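Chemist: Submitted below is the structure of interest, expressed as structure tokens.
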Amino acid sequence: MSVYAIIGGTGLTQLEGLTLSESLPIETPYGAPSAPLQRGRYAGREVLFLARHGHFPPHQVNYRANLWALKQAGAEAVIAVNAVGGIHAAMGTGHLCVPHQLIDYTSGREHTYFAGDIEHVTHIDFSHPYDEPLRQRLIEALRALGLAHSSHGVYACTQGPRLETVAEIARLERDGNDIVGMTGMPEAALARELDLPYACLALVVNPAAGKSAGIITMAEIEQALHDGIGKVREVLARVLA
Amino acid sequence: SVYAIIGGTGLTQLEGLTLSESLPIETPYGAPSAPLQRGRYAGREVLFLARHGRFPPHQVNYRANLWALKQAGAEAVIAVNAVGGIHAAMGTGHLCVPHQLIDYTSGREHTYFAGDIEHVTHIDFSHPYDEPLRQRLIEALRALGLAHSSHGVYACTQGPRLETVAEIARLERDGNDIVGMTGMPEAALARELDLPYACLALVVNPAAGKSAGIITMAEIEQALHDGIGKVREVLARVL
Amino acid sequence: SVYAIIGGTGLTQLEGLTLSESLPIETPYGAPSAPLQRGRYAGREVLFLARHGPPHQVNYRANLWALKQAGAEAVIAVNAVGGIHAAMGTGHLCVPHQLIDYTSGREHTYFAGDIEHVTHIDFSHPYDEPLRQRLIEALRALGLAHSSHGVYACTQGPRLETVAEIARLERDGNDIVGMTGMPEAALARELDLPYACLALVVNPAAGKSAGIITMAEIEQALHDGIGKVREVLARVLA
Amino acid sequence: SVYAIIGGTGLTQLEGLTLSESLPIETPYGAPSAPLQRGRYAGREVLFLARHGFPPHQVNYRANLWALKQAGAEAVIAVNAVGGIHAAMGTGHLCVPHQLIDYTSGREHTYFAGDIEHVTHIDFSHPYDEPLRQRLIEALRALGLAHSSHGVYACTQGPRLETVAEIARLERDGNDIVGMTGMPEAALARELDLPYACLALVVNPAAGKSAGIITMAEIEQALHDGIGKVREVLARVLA
Amino acid sequence: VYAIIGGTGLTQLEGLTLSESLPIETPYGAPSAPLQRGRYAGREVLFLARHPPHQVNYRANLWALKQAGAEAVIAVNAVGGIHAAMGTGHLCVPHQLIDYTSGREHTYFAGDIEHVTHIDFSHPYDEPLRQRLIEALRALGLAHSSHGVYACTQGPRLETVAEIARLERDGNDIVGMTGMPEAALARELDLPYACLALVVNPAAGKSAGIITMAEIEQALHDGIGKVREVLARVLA
Amino acid sequence: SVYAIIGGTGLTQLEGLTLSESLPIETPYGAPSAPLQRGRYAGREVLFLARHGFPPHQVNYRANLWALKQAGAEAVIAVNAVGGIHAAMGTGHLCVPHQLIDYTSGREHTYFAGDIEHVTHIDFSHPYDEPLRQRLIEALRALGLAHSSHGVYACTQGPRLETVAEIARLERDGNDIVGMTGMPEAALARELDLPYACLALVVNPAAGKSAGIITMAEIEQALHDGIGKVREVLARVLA
Ligand code: HPA
Ligand code: HPA
Ligand code: HPA
Ligand code: HPA
Ligand code: HPA
Ligand code: HPA
């Protein structure tokens, strides 16, 4: 029944049995979305796909435009796939974590619809950033599949593009975070401001700075993606049905 | 001595206060959120500013406001701020006179010392609030026998959204007792202008994670309607 | 091997340095803070750039591209800082080995806007270990009071920190605090330029000193400290 | 219903308190700090027990409590003098803690030691009886007294007071006040299913929360200005 | 040859014969219960029940296992779960611990002794024994954490909400009253030791109600089976 | 001013120092951990005490200090070998701490225990004496040795060394170095109104701060390498 949107890398589009047979190049009041909207059918449910970064560094992706376009195209739930670094010792490379909280360390990103010309200011609650029904459907799928996961975790959302500093990971860890990426916020909040239920699925693509012995290389990360993307796809499959 | 009050309207509902008209001012830093209301109270020249003018806290022109009050003769400032109670002793109802703050804001025009200006000034800001003003407020709270706290750390955050349970947890680890969106750059801008400044904080909700439910704009408006009166009592004694 | 130095002027009042050029260069990112001075010290091509010419508005991109364009193969950056760790009082030299970014709004990367590829640099160790050792080696030789390692807080400014702010920063692990370490250190890596920092403590951080921190007190510590800092720079360049 | 008060004597100085006195008790755990003083307060039966006469780490809480349970106590009010970590909780402040953190060690801390047949791990999530907590708050409010409705009580070991750095760590752990008597008392009340609340008087700012060093004269003075306040609060709670 | 320290019921494992039930004395008082030798899939097996936490004779226990010929130890622990990812019924294989106990006989190097050894205790659990545990949890498709920090509190009482929060502030994930000095003692006797902890309740203030023995014992009743399946494999 | 040096022998190799053998004294608190030596260094009186003569947590510190004071000690320099937690305090480094945090327990920590008729709670805000600190500092400068003028000393129980996670918690509590002998030593020194300072030599990078694990051999090399440095300091402070 309910229409789902999936935000993430293409190749999530290589999900077996998904059709994606439309491409509207949308222009919103908030400017250009990242890629055109792709609308399709999967296991009998209407499905939406937005590439988060087009064919743009995380801190300049027009998330506002993305979420408006999806709300409008008829989204009623958004599953956001996120590549992260693992801070928690148990959340190593290849691990899947379904966060339940986040701490936002971003700045200078268009992060609300309640700015510029508005006639009342609203302060959305945001105590629990992820819709709980979605989180459970992700968990139920991950248990069913016997994939190694954490059912909770705190998402540190940093600014990039640069990776983090060892003492910077020290502080994120002292702050309670389990995992760290650059694209979680303001996405989750803009979803909230639109009453759009949103939940994040996170693939750990590297140990965060200082956890492994060497240094973080883009090929370590590229490999990890390639390795784990199929696992993510299996989870979306079960969730989408 | 002339006194600015920054906070909401309703502050203007103070018994005994008169207001004589409101001039619109042009500052070198843009437009202030609202016209200044110049008035008289207990034989003391007073100016009021309604900081939100309908503006989100992150886009308020604090620079324009402060320069505006300075130029209009201000000599001290009491800022009335609505906050979230992190500390367990500071529930809905509570009044707090913070003595310290931690700024988590970011994209705001936050200093008078920007652009090619031939000389840059680094202000001390060790003690963000003028103590004599702080003592004026505390005395008033004691004298009125109201439930308050004499000290506390103010966490100033970006908004317009409210904080995450985990973000609150982080704030609690930084030593804050309350959280709001309006305290900074306001407090620092005043010191850049050598304007003694103090805040009076009203706890209008528990911070995310401290109450049993989610925070509703309904409960927060109720805590204001119930709390603006006691605030008015405090301002009154102070002037 | 060509070293560049970023910091105040008077860092050039270095004895035996024949400083010859004043090159005003233009960059794809706008103007650098000052003209690049080129010179020779000890028979090594030596590059100077005064970053001063508001820390949060300094064109850090322009400065580093300039240095890179001019032929720099390493960078020593000199920073005035407030001291958080109790062992690191007024006058203390420190060679930080880590840093924590608390800044924002600054044009902090080369990978911004219209580009066909985004590069997420590793940045686990903000500072080059070799350069660190050249600095460490020199302080030891000159018998100066210093610290081998230490954590740099970089804060927005131009305002100093609040007592509570310093408490947060200490809780985070910071030994020192300053407004210019970042994004400079990061842009250096983006340019594959080895970068290292020599910090001089010019005030105890807020609430570590007695009363307030005056500009005057800071001024006298720069006056007193620049002497030491030159001697270190001399030895490194040598 | 029978309320038992633990604190110094001179709490016994309530106007219109008959000190009906009292008998030396024996316990399977030893000798209690003082003979129990049994009295009446406006219809109510009240028990008193001075926890001294003995350094805090050597007080025999096990006997004290056991004896108080055996004498028929149904509720225990504990009065405690403390250093004040939280900026808002200076000298002479009254606090009513809601949580505690235990840093004590060499103490006979449980009735479930020894070679015993069934082990019991009590839940101790909320270390103070909430009904008792309200009864103290209500009393404080009604008397217009400056106080804190909540706080975290650090129980250290003594007899020496704390180091500056130790205080920084108690603060990072989230403690508001610091004292030497609060545990294992609160816990031992619980193993006996005996409602228990503490009322705390800050007698000194904790180490390094002020310029000098902590003096035993400062504390004497704070108990002098403090004691009367504490007594009026018991009069109400008892009534 | 392996030794398992946990409750009895770990000896309700299918495939295990318990032969000798000899009660040993040691230079450090009596152990918690007699030692029980056996075989499981052709390996010599020591089992030893550790039954009040702060008064159990951990010294006497390990020395006994050492002298009986133990060449590795698996300690099974009931714990409360601080980490939000580790609820009731989770299995955790910790890699670190932080020790908040005291008043316990914690070292073989006290009293008399001609020489005093300050052992290194950087890594309290043995990596190869963790890996065998983890390998096993993977094969059985059980929900677990490969790593985690163990807080060892004093008891017998449970923790305060604020005690828990400072344990959380310290980087801890689980909490139990029996992890220390067991690990450290094992180390002083060059015995490889690892722990497998079963979360049996959310730590204080991590959930709705209070912590109760009804709740904790159900979780133990529920979990014991998974635990036995893990040990069965690890001895295989 | 008469100094007592507490440390290993090897501190006794000072050139020009002479020492009378032992004589074993009995104290009210049992017997000191070694022969206490009386000395002269160029005519000046010095006491020497080796604290080990037993593991760190069973050392009779109560007895040592009581012995030291009965024999006329006016000040105390204690020389401690510690692991370094701070990045800038590698092996070989000298540190003059200014604060400390006690993580010990079960040790005889006070003179004011037992069944006495008066109790003393000392202030202990500043565990090390500032005049002695500077004497050590001025000395280390005079010899131009690398050192730290300040730092926080974590005093742990032992005999085992610390876990990587324990080190991370000691680090979060703001400690710079960790040893197992510093307390209750300093505190006892105070109960006796004896000015006490520590000089701490870093013998190993604390658990989890370098590639390997910590070997006893590595530590023993480190001492044999830094005791020479410490002797020099002592010689200067004693002159
Ligand atoms: O290590 C990381 N840090 C921040 N963002 C990331 N996205 C993938 N890995 C990382
Ligand atoms: O909960 C809060 N968080 C931030 N700002 C606020 N202003 C009122 N309440 C809050
Ligand atoms: O206190 C400081 N904070 C930030 N920058 C500084 N530069 C010198 N001192 C300081
Ligand atoms: O400062 C304090 N510390 C410990 N115990 C106390 N009891 C009263 N004040 C204090
Ligand atoms: O909640 C707990 N705390 C301490 N030990 C435990 N053992 C099981 N649960 C717990
Ligand atoms: O690493 C250490 N930890 C505790 N005590 C010590 N004594 C020397 N090194 C150490």
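Quick note on naming: the chains in the structure tokens go A, B, ... in the order shown, residues restart at 1 in each chain, and ligands are numbered from 1 in order of appearance.
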Chain E near chain B within 12 Å: what's each residue's closest atom pair and its distance in Å to one decimal, counting only C-alpha atoms, ordered by chain then ascending residue number, as a tab-separated table?
Modeler:
```
residue	atom	partner	partner_atom	distance
E:84	CA	B:166	CA	11.7
E:162	CA	B:88	CA	11.9
E:165	CA	B:169	CA	10.1
E:166	CA	B:173	CA	10.2
E:168	CA	B:169	CA	11.1
E:169	CA	B:173	CA	8.4
E:170	CA	B:173	CA	11.6
E:205	CA	B:210	CA	11.7
E:206	CA	B:209	CA	11.7
E:207	CA	B:212	CA	11.8
E:208	CA	B:212	CA	10.2
```
Chemist: Around ligand 1, out to 9 Å and counting only C-alpha atoms and all ligand atoms, which residues are there? I want them as a count of residues only.
Modeler: 32
Chemist: Using only C-alpha atoms and all ligand atoms, what does the table of chain D residues within 8 Å of ligand 4 look like, with each row giving the shortest atom pair and its distance in Å to one decimal, sorted by chain and ascending number, as a Markdown table?
Modeler:
```
| residue | atom | partner | partner_atom_place_in_ligand_line | distance |
| --- | --- | --- | --- | --- |
| D:80 | CA | ligand 4 | 7 (N) | 7.8 |
| D:81 | CA | ligand 4 | 8 (C) | 4.9 |
| D:82 | CA | ligand 4 | 8 (C) | 3.6 |
| D:83 | CA | ligand 4 | 1 (O) | 3.5 |
| D:84 | CA | ligand 4 | 1 (O) | 6.9 |
| D:155 | CA | ligand 4 | 4 (C) | 7.7 |
| D:156 | CA | ligand 4 | 4 (C) | 6.3 |
| D:157 | CA | ligand 4 | 4 (C) | 7.9 |
| D:158 | CA | ligand 4 | 4 (C) | 6.7 |
| D:159 | CA | ligand 4 | 5 (N) | 7.8 |
| D:160 | CA | ligand 4 | 4 (C) | 7.5 |
| D:161 | CA | ligand 4 | 3 (N) | 4.7 |
| D:162 | CA | ligand 4 | 3 (N) | 5.7 |
| D:178 | CA | ligand 4 | 3 (N) | 5.1 |
| D:179 | CA | ligand 4 | 5 (N) | 3.7 |
| D:180 | CA | ligand 4 | 5 (N) | 4.8 |
| D:181 | CA | ligand 4 | 5 (N) | 8.0 |
| D:202 | CA | ligand 4 | 9 (N) | 7.0 |
| D:203 | CA | ligand 4 | 9 (N) | 5.9 |
| D:204 | CA | ligand 4 | 9 (N) | 5.9 |
| D:205 | CA | ligand 4 | 1 (O) | 6.6 |
| D:206 | CA | ligand 4 | 1 (O) | 4.6 |
| D:207 | CA | ligand 4 | 1 (O) | 6.4 |
| D:214 | CA | ligand 4 | 1 (O) | 7.6 |
| D:219 | CA | ligand 4 | 9 (N) | 7.7 |
```
Chemist: Restrict the selected residues to N, CA, C and O atoms and save them as a short mmCIF file (atom, residue, chain, number, x, y, z; two decimals), in the first residue's frame.
Modeler:
```cif
data_model
loop_
_atom_site.label_atom_id
_atom_site.label_comp_id
_atom_site.auth_asym_id
_atom_site.auth_seq_id
_atom_site.Cartn_x
_atom_site.Cartn_y
_atom_site.Cartn_z
N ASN D 80 21.73 15.84 56.21
CA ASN D 80 23.14 15.75 55.81
C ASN D 80 23.75 17.11 55.44
O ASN D 80 23.15 17.87 54.68
N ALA D 81 24.95 17.39 55.96
CA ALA D 81 25.72 18.56 55.54
C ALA D 81 26.68 18.16 54.40
O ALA D 81 27.27 17.07 54.40
N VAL D 82 26.85 19.05 53.42
CA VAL D 82 27.50 18.68 52.19
C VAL D 82 28.27 19.85 51.62
O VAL D 82 27.95 21.00 51.91
N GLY D 83 29.27 19.54 50.82
CA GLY D 83 29.90 20.55 49.97
C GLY D 83 29.03 20.75 48.74
O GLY D 83 28.31 19.84 48.34
N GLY D 84 29.09 21.93 48.15
CA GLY D 84 28.23 22.25 47.02
C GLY D 84 28.96 22.44 45.71
O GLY D 84 29.59 23.46 45.49
N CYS D 155 28.59 10.53 47.26
CA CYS D 155 29.04 10.08 48.56
C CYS D 155 30.48 9.62 48.56
O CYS D 155 30.80 8.54 48.05
N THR D 156 31.33 10.44 49.15
CA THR D 156 32.75 10.08 49.26
C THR D 156 33.08 9.49 50.62
O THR D 156 32.18 9.28 51.43
N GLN D 157 34.36 9.22 50.83
CA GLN D 157 34.80 8.33 51.87
C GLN D 157 35.26 9.04 53.14
O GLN D 157 34.95 8.60 54.27
N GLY D 158 35.99 10.13 52.97
CA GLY D 158 36.49 10.89 54.11
C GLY D 158 37.62 10.17 54.83
O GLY D 158 38.12 9.15 54.34
N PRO D 159 38.04 10.70 55.99
CA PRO D 159 37.51 11.92 56.60
C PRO D 159 37.96 13.14 55.85
O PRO D 159 37.32 14.17 55.93
N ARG D 160 39.07 13.03 55.13
CA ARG D 160 39.59 14.16 54.40
C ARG D 160 38.56 14.64 53.39
O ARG D 160 37.82 13.84 52.80
N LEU D 161 38.54 15.94 53.17
CA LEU D 161 37.74 16.49 52.09
C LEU D 161 38.41 16.24 50.73
O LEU D 161 39.50 15.65 50.63
N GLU D 162 37.75 16.72 49.69
CA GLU D 162 38.12 16.38 48.33
C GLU D 162 39.18 17.33 47.79
O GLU D 162 39.35 18.45 48.27
N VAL D 178 28.24 17.05 47.62
CA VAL D 178 29.17 16.01 48.07
C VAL D 178 29.23 15.92 49.58
O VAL D 178 29.35 16.93 50.28
N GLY D 179 29.15 14.69 50.05
CA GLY D 179 28.98 14.38 51.46
C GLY D 179 29.52 12.97 51.72
O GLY D 179 29.82 12.21 50.77
N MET D 180 29.65 12.63 53.00
CA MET D 180 30.35 11.42 53.39
C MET D 180 29.45 10.40 54.10
O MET D 180 29.87 9.28 54.41
N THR D 181 28.20 10.78 54.33
CA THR D 181 27.34 10.01 55.19
C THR D 181 26.22 9.30 54.45
O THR D 181 25.58 8.40 55.01
N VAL D 202 24.08 22.63 52.26
CA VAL D 202 25.42 22.95 51.77
C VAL D 202 26.12 23.81 52.81
O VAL D 202 25.64 24.91 53.14
N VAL D 203 27.24 23.31 53.33
CA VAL D 203 27.98 24.06 54.36
C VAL D 203 29.21 24.80 53.83
O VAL D 203 29.71 25.76 54.46
N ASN D 204 29.68 24.35 52.67
CA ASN D 204 30.85 24.94 52.03
C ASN D 204 30.78 24.71 50.52
O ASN D 204 30.26 23.69 50.08
N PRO D 205 31.29 25.66 49.72
CA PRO D 205 31.51 25.27 48.33
C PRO D 205 32.58 24.17 48.30
O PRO D 205 33.53 24.22 49.11
N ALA D 206 32.43 23.20 47.40
CA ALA D 206 33.39 22.09 47.31
C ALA D 206 34.78 22.60 46.92
O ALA D 206 34.91 23.72 46.42
N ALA D 207 35.80 21.79 47.17
CA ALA D 207 37.18 22.17 46.87
C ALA D 207 37.30 22.93 45.56
O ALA D 207 36.79 22.49 44.55
N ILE D 214 39.14 25.05 52.22
CA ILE D 214 37.94 24.91 53.04
C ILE D 214 38.29 24.87 54.53
O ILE D 214 39.17 24.12 54.95
N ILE D 219 32.28 26.28 57.99
CA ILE D 219 31.28 25.22 58.12
C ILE D 219 30.46 25.36 59.41
O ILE D 219 29.25 25.17 59.40
#
```
Chemist: What residues in chain F lie within 9 Å of chain D, counting only C-alpha atoms, written as a PyMOL selection string?
Modeler: chain F and resi 99-102+105-107+110+112-127+152+172-175+187+191
Chemist: Could the residues that lie within 7 Å of ligand 5, counting only C-alpha atoms and all ligand atoms, be listed as a count of residues only?
Modeler: 15
